[PDB]
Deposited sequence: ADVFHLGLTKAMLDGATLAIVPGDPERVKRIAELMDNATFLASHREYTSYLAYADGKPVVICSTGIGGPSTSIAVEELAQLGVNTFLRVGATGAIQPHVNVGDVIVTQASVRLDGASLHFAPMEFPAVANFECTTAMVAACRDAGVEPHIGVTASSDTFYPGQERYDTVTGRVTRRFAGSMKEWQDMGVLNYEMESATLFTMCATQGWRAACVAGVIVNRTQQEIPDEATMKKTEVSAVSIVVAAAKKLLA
C-alpha cells in the first residue's frame, strides 16, 4: 500500500479529492451505494474504504473508527493519497431542549475536549469547519427540506459539564469533529460535518427506532448531496 494503515495506493482512488468519513466501518458500504459503481477498496483495522462516483466524479468513503486518534490516521493517510476535502457524517445526541430527534446539525466548529487536536494546534486555535463545505452542507439540507441547526458541537475523547455546554449554546456531543476540524484547518484541507440527531439528552422520552434509522438515512443522503455540490 502507499500508506501505513488504510492499505490504499493512490491509483486506487482514481483521482478522488474528496472523502466522506463516517465513524463505523460497517456504514461505509451503504453510504458508497448511494453513489454509482460502489467498489470496495480495502479493509484494515477499523478502516474500511470504498470508492464510488458522485455525478461522475470519484469519491472515497472511509471509516475513521471512534475518536480523534483513529480519525487522525485516516485523515492524514487519505490526504497523502490526494484527498483535500473531508465530509464527516454521523448520528449524534443533542443537548439543547428544542433540537429534536430527527433534526440535523451542521457543526460549524467544535469545543476541543479531545487530545488529538492538540497535536495539530495549541488549544487557542479554533476547531472550525471550512466555510464553503459548511455552506454546501447547509444547502444540501435545505434542498432536502431540512432546516439544519448550525452551531457548535462538543467533541470529546470518551463516550458520552454538560450543563456548561448547554448554557453556551453547544448543540450536541460527538468524538471526532474537533480532531477532524483542527487537523484539516491547520494543514490546508477542507472539512465539514453533518449529523442526524438520534437522541436528545434533555428529553425524558426514549427515541423511536424507526425515527432514528430515517434520521441517519437523511444525514447520509445530505452529506452525499453536499459532496456533489462541492465536486460540481
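Taking the first deposited residue as 1, the sole stretch without any C-alpha atom is 161-179.
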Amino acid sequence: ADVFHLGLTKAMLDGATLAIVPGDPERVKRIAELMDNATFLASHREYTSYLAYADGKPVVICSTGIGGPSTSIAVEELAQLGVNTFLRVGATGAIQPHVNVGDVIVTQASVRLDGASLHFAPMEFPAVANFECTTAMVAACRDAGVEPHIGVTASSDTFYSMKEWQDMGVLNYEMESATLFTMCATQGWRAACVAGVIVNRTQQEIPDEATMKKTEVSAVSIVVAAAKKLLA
From here on, numbers count along this sequence of modelled residues.
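Legend: mean Cα B-factor per stretch from the PDB entry, 49-57 versus 161-169; the higher mean is in 161-169.
Mean CA B-factor, 98-106 versus 82-90: the higher value falls on 98-106. Taking the PDB entry at face value, the top CA B factor among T179, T202, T186, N37 belongs to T202. Per-chain ranking of the deposited C-alpha B factor places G15 in the middle third. The deposited CA B-factor of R142 belongs to the highest third of values across its chain.
In this PDB entry, the Cα temperature factor of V197 sits in the middle third of its chain's modelled residues.
When all modelled residues of the chain are sorted by CA temperature factor, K29 is found within the highest third.
Sorting the modelled residues of the chain by their CA temperature factor places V21 in the lowest third.
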